[PDB]
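Peer 1: Using only what follows, build the 3D model:
(chains A and B)
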Amino acid sequence: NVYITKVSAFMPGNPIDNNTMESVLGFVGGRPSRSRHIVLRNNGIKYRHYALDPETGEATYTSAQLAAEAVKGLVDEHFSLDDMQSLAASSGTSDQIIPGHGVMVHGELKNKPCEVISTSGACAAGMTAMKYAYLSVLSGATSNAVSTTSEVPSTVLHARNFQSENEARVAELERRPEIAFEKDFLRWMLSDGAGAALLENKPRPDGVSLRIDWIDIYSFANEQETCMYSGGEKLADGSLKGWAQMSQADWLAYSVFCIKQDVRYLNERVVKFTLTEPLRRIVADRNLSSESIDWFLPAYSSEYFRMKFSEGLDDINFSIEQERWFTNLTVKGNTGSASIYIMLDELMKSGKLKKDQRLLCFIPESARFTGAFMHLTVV
Amino acid sequence: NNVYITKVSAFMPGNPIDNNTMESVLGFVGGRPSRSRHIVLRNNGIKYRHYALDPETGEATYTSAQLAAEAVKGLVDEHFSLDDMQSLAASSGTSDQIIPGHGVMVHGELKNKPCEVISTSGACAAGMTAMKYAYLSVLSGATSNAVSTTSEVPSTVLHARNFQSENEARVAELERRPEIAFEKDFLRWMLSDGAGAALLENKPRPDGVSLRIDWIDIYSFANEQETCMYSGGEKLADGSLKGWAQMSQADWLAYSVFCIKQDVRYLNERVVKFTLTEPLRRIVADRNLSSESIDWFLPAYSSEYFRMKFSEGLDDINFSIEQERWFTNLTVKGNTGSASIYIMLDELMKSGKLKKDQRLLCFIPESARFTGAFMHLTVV
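Peer 2: Residues are numbered from 1 along each chain as shown, chains lettered A, B, ... in the order given. Below you will find the coordinate block:
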């Protein structure tokens, strides 16, 4: 048996409202974004956090430091950093390509030598790190394990990441020097935050523990094109061209290292290939009834998809009405892989959980259409 | 449960490339030969390596995801088809992109039915954290099989074109020596391309050899060691790493921030103690290991220069293993980083040298920020 006994979330700095966010993220070419308003109206996020100083604009935490702050929030008198037998870390916005994110987090925390692994990907990478931790305790390899994930997209969403593209567009005499919607879209969607979870083979004597019944993960990249991508460009045939295959001048002229989204492909395919296709396999294979779910924790990215995911549940006869949904997206921001940790941290600390209640966590990843699902039982 | 490696495959792109050809393939920075190549090659002892590069045109012949997909297809036979795999764990230190993770891109190449895909990251050890993920999936009963795989195409970032804007930047500045730092040029003659994959199952194959994984133990010493191998960043004077996104777009090109760098003197001073002896002495105590019980020692040590240094390390902790029991093919396959242990395991498993009940100890050092990964196998 494996139990989540402690979850912690770390949000950098003060929440930032819709009227302030563009001043923190900067203007491209001296001009406010023409798409910010409608993207915000549709995603419904009201506050988010950035690892950026409101005064100076300096970075306030690297991704490694953000994760380290989350992990240190797991420390109470039942657990110190040196008791950790395994650390599984992930970040879609790692500070560097090599080394892996996890050993940089270990460098920040400075706890004694232990197993450190890094998972990678996007929104689901925090769940693949949590499953590694889960399997480690489940199998008996360790008696505890920590999974942590951090996101600092502010590093790559700031206007300075489009400085050379704007210059190249001005020099090519473009009628419109603005960057494409595919590049501007995520600047109003993604934000910063970090989370961590402590997993152990016994529940905690005090308070609530969450037994992990299973974590099921399905990738549909065999049939779906890349949808969210960075460090590369999506070609006309739907394939992805990696940054190292493009010239150095093109990295800057086309902002190859910014985060992009094929928004039309996302809208058309995200519900089916992150929710209904995986969940209907899981529902069939585990004989699940949506009546048995007390809490549904869906880490969707945008209020736009909330009822579209709900329609998805309906289509596979796994309806769950809104009163059993729990999300803090609109006041925490879409923090990518950390979203589920930030949702679990609030629910565990709310007192609303009661023994024997069952939780279904849904973590979609639009990057190339993964759905991750975790089933939990309050003990 | 038990977990068994029942199949291993390796995929080396193109033809072996010798020391005299390798610079014509990776190109010349600023039109002139590398001054350190000759002595780098003498120290590392590598005689052939592979590049996912076309010898005539210089075009890429495989992405990182394609190379891993080729390794994975080498696992397929009468007992296993791609659609049988219940979990795929993939890593690459040279992923083609930053998002999505490398594993879903390998899945897009293989096109097998929807399944669990996970990606690990890091450098030379990441193939082993993918293998341990796969191992724990089967060990815990979550699956009956799992595939781990890893691929490396550093030729993508080792080619001279990756230093061109830095050369231009310094010519515009009137530089005394228009040469890239040794910490950038070093790896261009160390690292090469290759991929491996392993199939793990909860039962041995009926015929032929299987390797039971007794354990995989991993230790990171990043709590006290500095970053030593890095890309997408710059090491500062205080030993910390500055990420690429904290530097200006102009500096990315002027300083070749996305190329792979190594702090060689920090490597030399610390690699033996903080990838081999510190982790291995803990493991020997906690598991009560006898060096005599080890029939095969598989060290993926990346350079002949370190071969006897690691051996002395073993002596210092009373875990001597004589040279006759050391198996490596680094010298003719190249240093393929995270793939090296797969490429050694592939050859040894198919060689016909293994006998039932023999014990294999695998050592995968990662100098990136000093991780040591160890796998114990029993032939069955």
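Peer 1: now the strands for the stretch 1-150 of chain A?
Peer 2: Along the stretch 1-150 of chain A, counting by DSSP state E, counting those that start in this stretch, strands occupy A:3-10, A:16-17, A:47-48, A:86-90, A:115-120, A:144-151.
Peer 1: Which one of those lies nearest to residue A:184?
Peer 2: Proximity to residue A:184 (Cβ to Cβ) singles out strand A:47-48 among those, at 16.2 Å. Just so you know, the C-beta spots here come from the backbone N, C-alpha and C atoms, and that holds for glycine as well.
Peer 1: near chain B, which residues of the stretch 151-300 of chain A?
Peer 2: A:155-156, A:160-161, A:163-164, A:214, A:216-224, A:226, A:228-232, A:240, A:242-245, A:247-249, A:251-252, A:257, A:259, A:277-278, A:281 (Cβ under 8 Å from any Cβ of the partner chain).
Peer 1: Which among the residues you listed count as buried?
Peer 2: Buried members of those, scored by 16 or more other Cβ atoms under 10 Å in any protein chain shown, are A:155-156, A:160-161, A:163-164, A:216-222, A:224, A:226, A:228-232, A:240, A:242-245, A:248, A:251-252, A:257, A:259, A:277-278.
Peer 1: Residue A:113 and residue B:223 touch, don't they?
Peer 2: Yes: at 6.2 Å, residue A:113 counts as touching residue B:223 under the criterion of Cβ atoms under 8 Å.
Peer 1: Phi first, then psi, for residue A:301.
Peer 2: Phi and psi for residue A:301, reported as degrees, to the nearest 10, are phi -100, psi -10.
Peer 1: could you list every residue that touches residue A:195?
Peer 2: Residues in contact with residue A:195 (Cβ atoms under 8 Å, 6 or more residues apart in numbering or on different chains) are A:7-10, A:70, A:126, A:148-150, A:338, A:340-342, A:344-345.
Peer 1: Which pair of these spans the longest distance?
Peer 2: Between any two of the contacts of residue A:195 (Cβ to Cβ), the greatest distance is 15.5 Å, for A:150 and A:344.
Peer 1: So which of these two has more stuff around it?
Peer 2: Remark: of residue A:150 and residue A:344, residue A:150 carries more neighbours, 38 against 25, as counted by other Cβ atoms under 10 Å in any protein chain shown.
Peer 1: Would you mind measuring from that one to chain B?
Peer 2: 13 Å (Cβ to the nearest Cβ, to the nearest Å).
Peer 1: Okay, and which of the residues of the stretch 151-300 of chain A next to chain B map to helices?
Peer 2: A:155, A:156, A:163, A:164, A:248, A:249, A:251, A:252, A:277, A:278, A:281 (DSSP state H).
Peer 1: which non-adjacent residue is nearest residue A:78?
Peer 2: Excluding the flanking residues, the one nearest residue A:78 by Cβ to Cβ, 6 or more residues apart in numbering or on different chains is residue A:204, at 6.8 Å.
Peer 1: For that neighbour, which residues are in contact?
Peer 2: A:3, A:5, A:6, A:78.
Peer 1: Show the contacting residues for residue A:301.
Peer 2: A:43, A:123, A:189, A:329, A:334, A:339, A:364, A:366.
Peer 1: Can you check which helix is longest in chain A?
Peer 2: Chain A, longest helix under DSSP H: helix A:125-138.
Peer 1: Output that one as PDB, restricted to C-alpha atoms.
Peer 2: Taking C-alpha atoms only, helix A:125-138 is exported to PDB below (Å, rounded to 0.1, in the frame of the first residue of the first chain):
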ATOM      1  CA  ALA A 125       5.100  15.000 -16.200                       C
ATOM      2  CA  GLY A 126       4.200  15.700 -12.600                       C
ATOM      3  CA  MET A 127       2.000  12.600 -12.600                       C
ATOM      4  CA  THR A 128       4.700  10.500 -14.200                       C
ATOM      5  CA  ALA A 129       7.000  11.700 -11.500                       C
ATOM      6  CA  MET A 130       4.300  10.800  -8.900                       C
ATOM      7  CA  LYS A 131       3.800   7.400 -10.500                       C
ATOM      8  CA  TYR A 132       7.600   6.700 -10.200                       C
ATOM      9  CA  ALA A 133       7.400   7.600  -6.500                       C
ATOM     10  CA  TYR A 134       4.200   5.400  -6.200                       C
ATOM     11  CA  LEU A 135       5.800   2.400  -7.900                       C
ATOM     12  CA  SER A 136       8.900   2.800  -5.700                       C
ATOM     13  CA  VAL A 137       6.900   2.500  -2.500                       C
ATOM     14  CA  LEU A 138       4.400   0.000  -3.900                       C
END
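Peer 1: Off-centre distance for it?
Peer 2: Distance, stretch centre to chain centre, for helix A:125-138: 15 Å (Cα atoms, centre = their mean, to the nearest Å).
Peer 1: again, but for stretch A:361-376
Peer 2: Worked out by Cα atoms, centre = their mean, stretch A:361-376 lies 10 Å from the chain centre.
Peer 1: Is chain B within reach of it?
Peer 2: Yes: applying Cβ under 8 Å from any Cβ, one finds stretch A:361-376 in contact with chain B at A:367, A:368, A:370.
Peer 1: Next, count neighbours for the first one.
Peer 2: To tie it back to what came earlier, the one meant is residue A:367. Using other Cβ under 10 Å: residue A:367 sits among 29 other residues.
Peer 1: Might one say that it is in contact with residue A:122?
Peer 2: Yes: judged on Cβ under 8 Å, residue A:367 makes contact with residue A:122 at a distance of 4.0 Å.
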